[PDB]
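Notes to accompany the following structure.
Read the figures in this text as sums done on the coordinates, not as results from a lab. Cβ placement follows ideal geometry from the backbone for every residue including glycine, while neighbour counts extend to all protein chains displayed.
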Protein chains: 2
Amino acid sequence: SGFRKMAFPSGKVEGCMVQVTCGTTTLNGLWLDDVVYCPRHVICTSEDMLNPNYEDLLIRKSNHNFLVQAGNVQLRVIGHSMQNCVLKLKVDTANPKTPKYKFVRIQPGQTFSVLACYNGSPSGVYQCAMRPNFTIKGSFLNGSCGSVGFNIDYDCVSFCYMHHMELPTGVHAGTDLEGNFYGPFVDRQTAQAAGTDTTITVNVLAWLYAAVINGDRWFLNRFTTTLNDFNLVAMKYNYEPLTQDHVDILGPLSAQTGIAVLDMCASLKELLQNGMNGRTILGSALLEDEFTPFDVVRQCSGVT
Amino acid sequence: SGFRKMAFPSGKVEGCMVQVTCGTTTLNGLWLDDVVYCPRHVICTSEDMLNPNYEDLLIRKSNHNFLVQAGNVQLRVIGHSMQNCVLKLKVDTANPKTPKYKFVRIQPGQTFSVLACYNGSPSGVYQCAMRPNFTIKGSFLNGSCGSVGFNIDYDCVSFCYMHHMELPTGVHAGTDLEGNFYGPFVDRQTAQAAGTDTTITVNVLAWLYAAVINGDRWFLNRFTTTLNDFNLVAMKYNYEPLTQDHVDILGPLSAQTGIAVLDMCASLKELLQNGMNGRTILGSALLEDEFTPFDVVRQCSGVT
Ligand SMILES: O=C1C[C@@](O)(C(=O)Nc2cncc3ccccc23)c2cc(Cl)ccc2N1
Ligand SMILES: O=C1C[C@@](O)(C(=O)Nc2cncc3ccccc23)c2cc(Cl)ccc2N1
């Protein structure tokens, strides 16, 4: 028992991290097969970042201007291309530590592990969620650019996120591995509005099921609700509306605990209207929305 | 910016995890050089665990009864010995993935990363603290035994914890890598009292400094205090007494923020006496004690 914000083991991703330098800018790159992926802002100077013309800036660059270092050995760049907001540097050596992998674009509300890196070196691993507004509440400093987000299914690493920037608000923005930003964000040093964020309702319900599985049951009540009634409350508290799709994904947890989804919704409704009254759930004094129903079942069943 | 409960990258430890079977019991082992370390309860049956005579039980076992599997290849056991609560299985092959390592016994209040494993396979990584009462609030299911806790300093892995058991209270207990339990715990299926736990005061102060570094400053007040006055409050709220040693370790954070340690103590005193009033600090509605002053500086400076 016990419930922790658990990240995937980072080993398969650590073997892919490289350092990419172009001019005076150094950031992280992801080496898979004979290709290194990194943010396209690696080609910028400080004056360029205010309004960069990436096409023009990349033209002034040659393969030899991209210094790729894997650990302490240098990689030879034989090709360069821009795909949306990432650069793909073709190297002459295939990474011998390339795991089985996929590039996937995650949906908001889904979770992933981030391997924070500096100078191509892994420094830490943490679990986070893609916010409904397409930002991530990470932990990233200057040089962290190029760090990736991923999920692991047995031996396959699904890369879903590459870190690009920190908005003036302190939240983080980035792309999938094809260079498409999640959200309305652009890779420019400009004020950018992230939308109104909401709480991931299905995840909070999954975490309430994890609390029940782990003995924390004080919040359970003698009430039930309807999807429509619950959603009136969810709207008032900036929670994502619950759909039958969310109810269906909560099926396994509803079966394991024997608590119908709408009964757990009623518990959540009372928690939202009345607060925690100074109590905690799984060691937290607020409602946690960074565990999906899949995460809760995985952790509560020990999937390796 | 941003502050996350970050674990160390688990790659160096994943390369050491093996599966150890003895009779019908399977748990995790740690393969370093030509030695596999695992909990000595691997030699027990269910009836044995109530009051095991480990010396007698181990006598009935031979090298060939210990099945050690690294990934999918079998290791040949050429020696077996019990050291306190761990078994050391000498194998004829040195682990080619053995990182530079040390066995260290951590002090209560210190933190470490856990690589949760099942059947010798890593399933997740999370950061936790050794509670002042020598328990850990982990996330462990049956089969997790043998999972280890560690810290990483550049290329050196300091192993500090091996998981042994879950107490009836849901908290976790285990040993250092020499088999010495942290706390009064014994490896028996018996009711065991963990002492009264306290909050790691120096860690909460470090986390308050991390909040200040990250912009969350609402809790800062126009007050100061003395070590003696603050400790009267710490005693009342089950917080560890603050010593000049803790003040000295907070030095770097006091210098970075320009907030004297006793001024931060006064902020903490008001937070303890008056609560959070429905506000949050670094996304948390309670006072976090699982980040040491070293963790805060490391994360806030990006040490790889
Ligand atoms: O300040 C910058 C540099 C930049 O490379 C960046 O934000 N990176 C970092 C990434 N993540 C977190 C950070 C925290 C502290 C400083 C830097 C961070 C950058 C890139 C873009 Cl596409 C737009 C604006 C900027 N503005
Ligand atoms: O139930 C048991 C089996 C035992 O191997 C154990 O607790 N392991 C597990 C370890 N960690 C978490 C768990 C959670 C759920 C079940 C098992 C857990 C065990 C070992 C000892 Cl030295 C004493 C009592 C016991 N009692």
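Taking only the Cα atoms of segment A:115-184, the ratio Rg/Rh comes out at 0.94, with Rh defined as the Kirkwood radius.
Quick one: plug the Kirkwood hydrodynamic radius of segment B:120-243 (C-alpha pairs) into Stokes-Einstein at 20 °C, 1.002 mPa s, and report D in µm²/s.
Working: Rh = 17.1 Å.
Roughly 125 µm²/s, to the nearest whole number.
Using only Cα positions of chain A, each an equal point scatterer, no hydration layer, compute I(q)/I(0) via Debye at q = 0.11, 0.12, 0.14 Å⁻¹ and quote the log10 values to two decimals. Relative scattering, expressed as log10 I(q)/I(0), comes to -0.71, -0.81, -1.00.
Relative to the globular-protein estimate of 2.2 N^0.38 Å, the Cα radius of gyration of segment A:198-301 stands at 0.95. In this simple spin-label model, placing a label point 7 Å from the Cα along the Cα-to-Cβ direction at both A:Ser81 and B:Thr98 gives a separation of 4.6 nm.
Against the longest alpha carbon principal axis of chain A, how many degrees, from 0 to 90 and to the nearest 10, is the axis of helix A:227-236 turned? That helix lies at roughly 60 degrees to the long axis.
Dipole check for the protein assembly as shown: with +1 at the C-beta of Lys and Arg, -1 at the C-beta of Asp and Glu, and the Cα centre as origin, the magnitude is about 360 Debye.
Toward the positive end of the charge dipole of the protein assembly as shown, with +1 on the Cβ of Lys and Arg and -1 on the Cβ of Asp and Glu, the farthest Cα among B:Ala194, B:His41, A:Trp31 is that of A:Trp31.
Taking only the Cα atoms of segment B:15-99, the radius of gyration and Dmax are 12.3, 38 Å.
Restricting things to alpha carbons, find the Rg to Rh ratio for segment B:195-245 using the Kirkwood radius for Rh.
Working: Rg = 12.2 Å, Rh = 12.2 Å.
Computed over Cα atoms, the ratio is 1.00.
Note on the protein assembly as shown: Kirkwood radius taken over Cα pairs, Stokes-Einstein applied at 37 °C and 0.692 mPa s, translational D equal to 128 µm² s⁻¹. Evaluating 6.51 cos²θ - 1.76 cosθ + 1.60 at θ = phi - 60° for every residue in segment A:237-245, the Karplus couplings come out as 9, 6, 10, 4, x, 7, 10, 4, 4 Hz, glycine and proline recorded as x.
Within segment A:259-304, all pairs of alpha-carbon atoms sorted by distance into 10 Å bins from zero give the percentages 22, 46, 28, 4. Sorted from greatest to least, the principal axis extents spanned by the alpha carbons of segment B:1-146 come out as 56, 37, 24 Å.
Within the listed set B:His64, B:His172, B:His164, the Gaussian network model of chain B (springs between alpha-carbon atoms below 10 Å) gives the highest mean-square fluctuation for B:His64.
Bridging of A:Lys90 to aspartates and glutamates at a Cα separation below 13 Å is possible for A:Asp33, A:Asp34, once same-chain residues fewer than 8 apart are set aside.
Considering Cα pairs under 8 angstrom that are at least six residues apart, work out the relative contact order of segment A:158-221 and quote it in whole percent. Can you show the working numbers first?
Working: 47 pairs, mean separation 12.3, N = 64.
Relative contact order comes out at 19 percent.
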